[PDB]
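This report refers to the structure that appears directly beneath it.
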Amino acid sequence: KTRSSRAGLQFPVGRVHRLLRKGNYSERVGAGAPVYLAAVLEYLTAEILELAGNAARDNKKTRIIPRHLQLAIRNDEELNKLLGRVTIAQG
Amino acid sequence: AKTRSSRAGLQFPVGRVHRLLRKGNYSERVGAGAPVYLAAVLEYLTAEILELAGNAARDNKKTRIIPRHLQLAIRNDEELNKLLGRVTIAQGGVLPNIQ
Amino acid sequence: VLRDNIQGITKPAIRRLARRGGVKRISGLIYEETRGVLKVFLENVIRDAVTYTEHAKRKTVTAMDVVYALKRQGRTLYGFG
Amino acid sequence: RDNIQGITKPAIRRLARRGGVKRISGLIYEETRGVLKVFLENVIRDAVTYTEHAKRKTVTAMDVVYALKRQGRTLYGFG
Amino acid sequence: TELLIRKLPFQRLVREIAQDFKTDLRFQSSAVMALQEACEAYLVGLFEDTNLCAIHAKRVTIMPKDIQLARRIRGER
Amino acid sequence: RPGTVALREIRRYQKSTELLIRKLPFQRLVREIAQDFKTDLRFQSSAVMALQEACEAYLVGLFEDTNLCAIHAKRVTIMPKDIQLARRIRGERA
Amino acid sequence: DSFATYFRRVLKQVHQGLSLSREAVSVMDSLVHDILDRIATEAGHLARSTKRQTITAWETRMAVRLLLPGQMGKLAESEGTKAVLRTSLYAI
Amino acid sequence: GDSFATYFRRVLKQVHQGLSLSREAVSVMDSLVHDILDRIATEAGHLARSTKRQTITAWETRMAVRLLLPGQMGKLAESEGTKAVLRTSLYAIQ
DNA sequence: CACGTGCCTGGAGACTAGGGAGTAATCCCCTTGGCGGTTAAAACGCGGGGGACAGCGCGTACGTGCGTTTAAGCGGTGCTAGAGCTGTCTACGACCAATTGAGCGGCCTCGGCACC
DNA sequence: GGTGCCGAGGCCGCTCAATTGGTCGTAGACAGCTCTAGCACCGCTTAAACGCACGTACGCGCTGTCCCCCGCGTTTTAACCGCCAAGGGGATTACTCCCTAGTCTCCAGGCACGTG
């Protein structure tokens, strides 16, 4: 029934569409834009959480902490390029 | 008199600035005072920049303002330089510093 | 009235920050320069923060204004909104 | 010829002199060509995607201006 | 990881600076914490660039000229 | 005489505002580097001019910044270490 | 308005023996919102540049290629493309 | 179609009547005014969206000017804007 | 933090209806390609002199450590400023239809300048 | 100091965008109320800053060298300018049709709570 189940994703296509409408980035928003944005956010979040989980396993902690997120972001060179001007609280 | 530029005593066109604000799609609705304020601000900015560029042209014994004088006006002044630091002006050159 | 509180950034605090940064030895004149640099950056951020608060006709500088001011300065901030 | 040699030695010496330098070492030119080529890559790879989005087979000055604006080095004389 | 500036002196510094821009202001603790984290990150980055500059000059002690050079190169002035 | 000429060259080129890269080699270079991303492309002469007048400005800014860190090290000669340090500090790359 | 549940869902499917802390959820949420905002602003800028007032799949595929460089811009494109393509298959 | 050439010439004649504006300088200042207008407008849009307000009034575009033009020039520009808004408001003499 | 449980507002499906733009054909601007002259710039070679670098010694200021001071952090305790929410009214800004003159382009004048 | 060209400047026609007038729905100003969260104060104490002695790692000045850039004259090259062909794609217009805003139900999944 839901568009997320249609696209085989987990991020909410409806929520991404609502955020796109509320942000007022253009007068009309296409139908495929929320699906594509949800897919890209899926891939990015999956990669970031994979790296953070690798860091947590290295630090032998079962929980993920903003320090682990900072290590994950600043260890991978490409994600470092994307988020180089970012400072994370308690990191 | 008529219009809004002459009503506020602004050389810059209030209506054109209003149209630009509408076309840029920066918010759903644009208030009445926003184009007037923005036209006044831009008129003052261009007055300062043009006065500085004209002074640079006079110091160069030149009667025509080219982009080089604009870059001299932007960089020599200590404030416009802060506002337009990351801006490259075509055929603008650089100030003579020789370290 | 609060006066001469720039000295609240103690010499050991700047030393700890420098050691975290990666330095090994610090000259004696680094502390005053660092206090000046911190004061300049703090003024730049706080002016935009209080501008944001004035815009909303608020009297308390909300963290959602400081994060916006920092985002404006080019140094974003995650963890507060 | 890699065609990067079009940015020849005197064409870097003149540009550095406009920079303000007084003496240039012999190994500066290779690093300078590398810097120039990576900057050109970073700008062209955006000024080409802009045309590809506009479904155009040519690169115009407006696309290059937008690409330069993305990297943070705005250009004013064009568009 | 851990805050390196003491909380109370930094809060008093922030209040003293902000009293110039708008008197009788108020700060909520989240804002002061955000400012502290941002300033610590900024100073750590600045000292990273300062150590780079010091190593560049065949030196191991960071000196005021190193901080000045790092700030001039980074753009801020 | 080892100096002097460089000083006059600096004074002349800083006062001038022309383009210091030969037009045709830069045009060929930009075409070659662009042909990788999308084959059979055409460039407006204004686009090539915009790219040239952006690359020249960036290079001259980088050379001023590397001159700062060359004189800072009690030198007058710029070396690839200076360029690498300037690019590292500016945040462009390593 | 948060992605906390979706963050936990995506974590549990990649690292079974892991959990996300509240601060981690907050920073992840802010990061995802900022990335979405950046992509949306680039898409809207592209749409205005082309004199069109719709953000379609084209204006987002050609915006992630501007934000994310070739490391994943040639891969997150591939992951994104299957998503819009799969919707067409389910409809028929 | 959309430019500011005549107004630039008018302002220059008002300030430095003896001088004249070149075509390249007209283009540079046209782009400069467009860029400054875009920056102020987008900052006022951010300010409007921050307080859950969908209108961009004079208050928003004054706070944006103060926030984006720090220093003496910002205070002068705000004074000029308030003077212009007041002059418009005095046409409420009806 | 995971596994029931209740629940409720946002997401989804069906319909309307309306215009954004996708497609096609056409005019033609201009960007690619080529050729020829000519000539300014670049590549090469060489001598020479400044300066990059390494080494050595002096003195000097800094990290370490110890005793001293101090004020930050904790934990209440109390007071109230105002952030935030709700209800209600109205000034305002989007919108349309009619009117008109301000700025743009064509065209004729004329000084600024790059040149010798 | 003398000169030709070319880009800017002023006058007129006009049209298209700005202005004027009226309407209406709602976004927002505005008043009132609440509670929460920020401010000011109390004392303990103990981590942390601070003051001093000190030896030593290290900055900095002097010196020597040898070398690697600089300047300059020469030859080669290829860039710059003028000119022609051309056709490939940029930009418009006509049309429609198909995508999307808006609205009405209808329902579930994801938010919050409880639990061992």
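Each reported figure results from applying straightforward, stated rules to the coordinates on display, with no laboratory input. Here the Cβ is made from the backbone with ideal geometry for all residues, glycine too, and neighbour counts use every protein chain on show.
For chain C, what is the mean residue ellipticity at 222 nm derived from helices alone (per DSSP H run of n ≥ 4: -39500 (n - 2.57); sum divided by total residues; nearest 500 deg cm²/dmol)? Taken over chain C, the calculation gives -19500 deg cm²/dmol. In this label model, F:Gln35 and F:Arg75 are separated by 3.7 nm, measuring between points 7 Å along each Cα→Cβ vector.
Over chain F, the hull volume per residue, using the convex hull of the C-alpha atoms, is 136 Å³. On the basis of the beta-carbon distance and an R0 of 30 Å, A:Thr62 and G:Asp1 show a calculated FRET efficiency of 0.60. Taking 25 °C and 0.890 mPa s as conditions, the protein assembly as shown diffuses translationally at an estimated 89 µm²/s according to Stokes-Einstein applied to its Kirkwood radius (Cα pairs). Label zone of B:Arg29 (point 7 Å out along Cα→Cβ, amide N under 17 Å): in region H:50-68 this covers H:50-61.
What does the charge dipole of the protein assembly as shown about its Cα centre add up to, to the nearest 20 debye, if the Cβ of each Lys and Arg holds +1 and the Cβ of each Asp and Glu holds -1?
Charge dipole of the protein assembly as shown: 480 debye, to the nearest 20.
Computed per residue of chain H from DSSP H runs no shorter than four, each worth -39500 (n - 2.57), the mean residue ellipticity at 222 nm is -24500 deg cm²/dmol. Counting Cβ atoms of other protein chains within 10 Å of each residue's Cβ and taking the mean over peptide A:72-82 gives 2.
Positive-end ranking of G:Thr87, G:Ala4, G:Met62 along the dipole of region G:4-91, with charges on Cβ about the Cα centre, is headed by G:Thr87. Placing +1 on the Cβ of every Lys and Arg and -1 on the Cβ of every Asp and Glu, with no other charges, gives chain C a dipole of roughly 380 debye about its Cα centre. Taken over chain D, the alpha-carbon convex hull comes to 119 cubic angstrom per residue.
In whole percent, what relative contact order does region C:1-80 give with Cα contacts below 8 Å and a gap of six or more residues?
Here the relative contact order equals 20 percent.
Computed from backbone phi with θ = phi - 60° and the Karplus coefficients 6.51, -1.76 and 1.60, the 3J(HN,Hα) list for region E:27-40 is 10, 8, 4, 4, 5, 5, 4, 4, 4, 5, 5, 5, 5, 4 Hz; x is used for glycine and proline.
With neighbour counts taken as other beta-carbon atoms within 10 Å, the residues F:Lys81, D:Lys55 rank, fewest first, as D:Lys55, F:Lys81. If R0 equals 51 Å, the separation of the Cβ atoms of D:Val38 and E:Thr23 corresponds to a calculated FRET efficiency of about 0.50. Using θ = phi - 60° in the Karplus curve 6.51 cos²θ - 1.76 cosθ + 1.60, the 3J(HN,Hα) couplings for region A:74-91 round to 8, 8, 6, 5, 6, 4, 4, 5, 5, 10, x, 8, 10, 10, 9, 5, 6, x Hz; x is entered for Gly and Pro. Residues whose amide H falls under 5 Å from that of D:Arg23, counting only those 5 or more places apart or on a different chain, are F:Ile78, with hydrogens built in the peptide plane. Taking the inverse of the average 1/r across all pairs of different Cα atoms in chain H, what Kirkwood radius in Å do you get? Radius from the Kirkwood sum: 15.4 Å. Each Cα pair under 8 Å and six or more residues apart adds its sequence gap; the mean of these over the residue count of chain H is a relative contact order of 17 percent.
Between C:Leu17, C:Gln73, C:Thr53, the Cα set farthest toward the positive side of the dipole of region C:1-80 (charges on each charged residue's Cβ, about the Cα centre) is that of C:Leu17. In sequence order, region E:61-77 has phi-based couplings of 9, 6, 10, x, 4, 5, 5, 4, 5, 4, 5, 5, 6, 5, x, 5, 7 Hz under the Karplus curve 6.51 cos²θ - 1.76 cosθ + 1.60, θ = phi - 60°, and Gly or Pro positions carry x.
Using only the alpha carbon atoms of chain B, find the Kirkwood hydrodynamic radius as the inverse mean reciprocal pair distance, in angstroms to one decimal. If you can, show how the numbers build up before the last one.
Details: mean 1/r = 0.0643 Å⁻¹.
Mean inverse Cα-Cα distance, inverted, gives 15.6 Å.
Cβ crowding within 10 Å ranks G:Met62, G:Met28 as G:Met62, G:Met28, fewest other Cβ atoms first. In a simple Cβ point-charge model (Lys, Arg +1; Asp, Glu -1; nothing else charged), chain B has a dipole of about 540 debye relative to its Cα centre.
Of the residues E:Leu3, E:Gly45, E:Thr61, the one whose Cα sits farthest towards the positive end of the charge dipole of chain E is E:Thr61 (charges of +1 on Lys and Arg Cβ, -1 on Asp and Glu Cβ, taken about the Cα centre).
Among the listed pairs B:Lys82/H:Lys75; G:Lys51/G:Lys74; D:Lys9/D:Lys69; E:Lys7/H:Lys52; G:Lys12/G:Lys74, those with a Cα-Cα distance over 21 Å are G:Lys51/G:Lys74; D:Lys9/D:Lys69; E:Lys7/H:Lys52; G:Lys12/G:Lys74. Note on chain B: helix-only mean residue ellipticity at 222 nm, from DSSP H runs of 4+ residues weighted -39500 (n - 2.57) and normalised by residue number, equals -16500 deg cm²/dmol.
Taking amide H atoms as placed 1.01 Å from N in the peptide plane, the amide H of H:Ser20 lies under 5 Å from those of B:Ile65, each 5 or more residues away in sequence or on another chain. Between F:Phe43 and D:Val59, the built amide H atoms are under 5 Å apart, and every one of these is 5 or more places off in sequence or on another chain.
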